[PDB]
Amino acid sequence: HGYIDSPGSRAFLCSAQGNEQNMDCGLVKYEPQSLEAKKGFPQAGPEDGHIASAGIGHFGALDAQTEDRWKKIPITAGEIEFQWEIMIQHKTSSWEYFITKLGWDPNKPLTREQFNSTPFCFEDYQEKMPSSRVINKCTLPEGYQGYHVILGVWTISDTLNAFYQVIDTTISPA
């Protein structure tokens, strides 16, 4: 169980510790650490249209997708660091990050077609137990600007599951 608090994830910003910068999030507000679903996105895992909720019904408020809906973290293109708060540590296969395609539609549901098919950042943890706070250093793909959604995936090595964290960003050109 864990969540990304820098850049603050969509679920994190729903929470009290995110100071409710997103509202009307349902139960997400009270357990942003709990977006657990089958590993293996995009070949498996949460179905299209339910990626942000990790396919969990009572987190479905996160599946709304409009330009106006979500608070966006401002970031500059290039190097980026993601920080996870690991409330319950589990042996870890990897940390990986996907981003929406150039030309995705911010007013349509998040789907595999809306995301690049492969991650832009991948850190192999070789099934080791992580510390309680984890930082992954990454680099954004070239040519990115504007509103984009980043999907953070924390894949658990000793279960069938992973934790899914979408992040809303406004990217300024490098």
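Heads up: residue numbers just count along the shown sequence, starting at 1.
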query	finding
23 to 31 versus 125 to 133 - which carries the larger mean C-alpha B factor in the record	125 to 133
Stretch with the greater mean C-alpha B-factor as recorded in the entry, comparing 161 to 169 against 13 to 21	13 to 21
Chain third (lowest, middle, highest) by recorded CA B-factor, residue given as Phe115	middle
Cα B factor band for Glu142 (lowest, middle or highest third within the chain)	highest
Chain thirds of CA B-factor: placement of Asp68	highest
Chain third (lowest, middle, highest) by recorded CA B-factor, residue given as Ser94	lowest
